[PDB]
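Undergrad: Below is the structure I would like to discuss, written out as structure tokens.
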Amino acid sequence: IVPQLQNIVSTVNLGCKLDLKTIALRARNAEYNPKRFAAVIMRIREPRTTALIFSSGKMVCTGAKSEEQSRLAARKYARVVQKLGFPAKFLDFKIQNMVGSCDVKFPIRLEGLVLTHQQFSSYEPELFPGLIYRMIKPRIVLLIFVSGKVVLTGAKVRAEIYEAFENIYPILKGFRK
Amino acid sequence: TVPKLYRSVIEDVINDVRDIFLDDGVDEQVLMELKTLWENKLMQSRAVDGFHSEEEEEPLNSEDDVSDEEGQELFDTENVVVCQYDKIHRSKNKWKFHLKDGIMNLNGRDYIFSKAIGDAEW
Amino acid sequence: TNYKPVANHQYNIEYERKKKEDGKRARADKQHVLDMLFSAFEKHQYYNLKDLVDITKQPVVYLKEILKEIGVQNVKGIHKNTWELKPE
Amino acid sequence: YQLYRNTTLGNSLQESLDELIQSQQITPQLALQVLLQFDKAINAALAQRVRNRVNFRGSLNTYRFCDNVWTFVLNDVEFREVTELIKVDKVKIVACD
Amino acid sequence: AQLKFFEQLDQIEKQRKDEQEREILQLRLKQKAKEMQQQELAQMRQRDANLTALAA
Amino acid sequence: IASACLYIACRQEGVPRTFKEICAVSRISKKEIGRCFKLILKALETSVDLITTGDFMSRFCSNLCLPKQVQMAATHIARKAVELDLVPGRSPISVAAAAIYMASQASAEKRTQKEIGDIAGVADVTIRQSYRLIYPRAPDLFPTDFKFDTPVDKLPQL
Amino acid sequence: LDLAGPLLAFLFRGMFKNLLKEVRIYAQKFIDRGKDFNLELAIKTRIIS
Amino acid sequence: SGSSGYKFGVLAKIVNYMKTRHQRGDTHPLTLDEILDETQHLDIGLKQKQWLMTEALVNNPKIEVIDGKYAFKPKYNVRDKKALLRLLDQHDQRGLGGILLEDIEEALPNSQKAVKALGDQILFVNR
Amino acid sequence: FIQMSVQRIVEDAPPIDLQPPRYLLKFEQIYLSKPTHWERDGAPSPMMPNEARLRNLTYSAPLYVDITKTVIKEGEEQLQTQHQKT
């Protein structure tokens, strides 16, 4: 089974002062609420991404299907800010979070995973139906369900998400109902 | 009842500001002239019927386009709707609008809603 | 004598109120806040800092800096310093 | 709200007051006092006049939020009022808390 | 305008009546407080008015 | 922190208590107590053990004033259901409430599902869905040594 | 000659006033927050027992 | 509310603006009407403008008017930012009680002033 | 004392008001129960005096009261609550 990326989270700093009120009014499809957040929210129809705009100029992009799409959307948002008269540069661009979702296609026993790895997986039925599994070797959190859908999130790179799923795949096959 | 409501508003405003005109020392006849002018303009427009009328960082520009034009939004031909929003709800790209006490000018006609529900996709 | 609520009723009432109303806002329009401070100073020589916090949505820390520029807090001999407009 | 001042009835009143100021028939700033009184009267009338309850389907083009005021650009939106059905290519809706 | 000038004097006579209520007790204080309550609402309205002009 | 630590202590003791009961005596919401409980688990490096349905069954049946034999039958139904996995990935309290309702209806001392739901703390609709899932195998779930005032075939379905 | 029940009643009255004082302190804190008030939280079971 | 004209604190804001332009370094003589145009308070009404000149300007205790145009009430002395060493040379006046609060607004930022003070013989003691 | 004095002491209590919304609490009917001992599971068992000596249990009976809560918000609106057997 191959994990499919759902969200690409990237932080890029414009490096110039931004006026939030001016950006919200001038930019199309821009909503800013000061009390809720200091982030001006701007979205573009072609790529489904959310942009957070701050006086520092750091911009966060979330919900991008692919890493290339996230960078392209950030470039489009930055150039729109440049059109508003605030200079925009790409500085310290990095992907903080990559989320991958895949289905094993077989039922998995949550109780068996807890018994073998109480330290690795902490699961409480009342708090949430899905088991929560954390593996030391890959830096990501794995969600295991009776359906068998697996969600991996918090990995810096796509390769880590794939590696974690492959590492736990024999364990899931062992607990297959 | 939208024309009747507008005529009632005209009478209430003139009566309330009559005292202010007296305090200023402006003649009551001038206030009556203002009331006549306000009624006359509505007759000229013909919009509302009136009882009185009846009487690399550097090449950002290289990725050009991909932005909707700001000028398109304002043409002055847009239908004008004035309303009060109880709340606005957005899920994903879908938008839900809750409005109250709103008058909508559509097809050169005025429609008032006690409450309205609008579903739109962005 | 044992009951099983998911959350305490009083806690949920506060949580709904917190979402419905945000106490203060962000630090913006300092000049507009300065004009509001001038209006309070015109109304009374000394205005309590807590009363000024209710008047302006500017954060107490930012508001104190604006107050410091146009006014000095005065004990009045009763301690409990109350901000008053500078004679200078 | 001062949004109601920007209406065909409100605009005609504002211009008529300006004509009186131009002739010097009314002292300057008298128009502002009339507009403040107009806002109180219009808000009260809107609050308790009663109206039809209706629902509409549409497509959203642009959204603007500032000063707790929602501005929406609506394209190809169908409005249904009772039996009547309204079709307009372009409509602008402004909502004030 | 001469008539307007003694019209103001009648308002001053009302202020003298206001001094009589002040010694008895609150009308002058109530009127000033009401204006201040209106001013806070007016400041919010003034910000909204600029937006309506900018929008259309 | 105190409420979250108490929930972990119940797991260490081997006699778990419902989170909702901790919420009843604590101003803090269940979500915040649960988030703190994860942080305390990391701090004390405590292993996680699944909660036991039987401990919950005794207290709820005592509140209902159900006879001990009815309580034993309900516990047997819940234990059999989890092994059969008739209900998939379902919290024990919801399964226990459905088992109690089935046992009460068969017994002379019938208890309404909504009254059991208030005592359990689970939603009445959730119990009804759980009861429907275990209803086809309900005769198998019941212990062989039981007396039925009402037959499983004639048992009311909710 | 004092009977056992009146001696118990006098002490119980002292426990009851202590319980009422605890309710007032808890209520005052809840009133200051203004979120709401719960009498069951205000009463202390331990003082009487 | 005693005596007030239009928006409250307008007279105090006008005095503050007169100080602000001097700190900015752009200095021009301004009539009361000219200040109103600069602050966008020109439409304050005839009565309010008359009240400011007749009573509000006179009311300020430290207000100084050179002749045709009024001068800033807070600081009569020009913010030259020069001859501080000469003030230091006379210890009888203790530098004329010079305050860093007055400085840093005359024409330079605090960061530049802090580097200059350390390099210069002049030193600052703050009780 | 148990049947009448305990009821009289709660009945002869001034209402406690905290405010400015005011919350008023009144202690009325008293409810008493046969002595019960709470086990680790939390299921109550009727206390037996011979058993109490063996396990060092304390022989005591649970006490309950009816509390009426009335709150005025200063809006001329009163909310009434009927807590029973607290």
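By the numbers in Swiss-Prot, the shown part of chain A spans 161-337.
In case you wondered, yes, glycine gets a Cβ from its N, Cα and C as well.
Got these off Swiss-Prot a minute ago, pasting:
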- A:165-241: repeat '1' (REPEAT)
- A:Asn167, A:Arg203, A:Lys218, A:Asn257, A:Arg294: DNA binding site (BINDING)
- A:255-332: repeat '2' (REPEAT)
Undergrad: Considering only CB atoms and a limit under 8 Å, which binding-site residues from A:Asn167, A:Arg203, A:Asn257, A:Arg294 lie near chain I?
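TA: Of A:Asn167, A:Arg203, A:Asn257, A:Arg294, none lie near chain I.
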Undergrad: Counting across all protein chains shown, how many other Cβ atoms sit within 10 Å of the Cβ of A:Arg294 (DNA binding site)?
TA: 17
Undergrad: Tally of helix, strand and coil residues over the repeat '1' (A:165-241) according to DSSP?
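TA: Tallied per class, the repeat '1' (A:165-241) gives 22 helix, 24 strand, 31 coil.
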Undergrad: Quick check on the binding-site residues A:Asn167, A:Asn257: which one has the highest count of other Cβ atoms within 10 Å of its Cβ?
TA: A:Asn167
Undergrad: Taking the Cβ of A:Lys218 (DNA binding site) as the centre, how many other Cβ atoms fall within a 10 Å radius?
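TA: Result for A:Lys218 (DNA binding site): 17 neighbouring Cβ atoms inside 10 Å.
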Undergrad: For the DNA site made of A:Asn167, A:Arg203, A:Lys218, A:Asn257, A:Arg294, how many Å separate the two farthest Cα atoms?
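TA: Max span of the DNA binding residues, Cα based, is 33 Å.
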Undergrad: Would you mind listing, in sequence order, the residues at least six apart from A:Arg203 (DNA binding site) in the same chain with a Cβ closer than 8 Å to its Cβ?
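TA: A:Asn189, A:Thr209, A:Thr210, A:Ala211 - these are the non-local Cβ neighbours of A:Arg203 (DNA binding site), listed in sequence order.
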Undergrad: Can you count helix, strand and coil residues in the repeat '2' (A:255-332) using DSSP?
TA: 22 helix, 27 strand, 29 coil
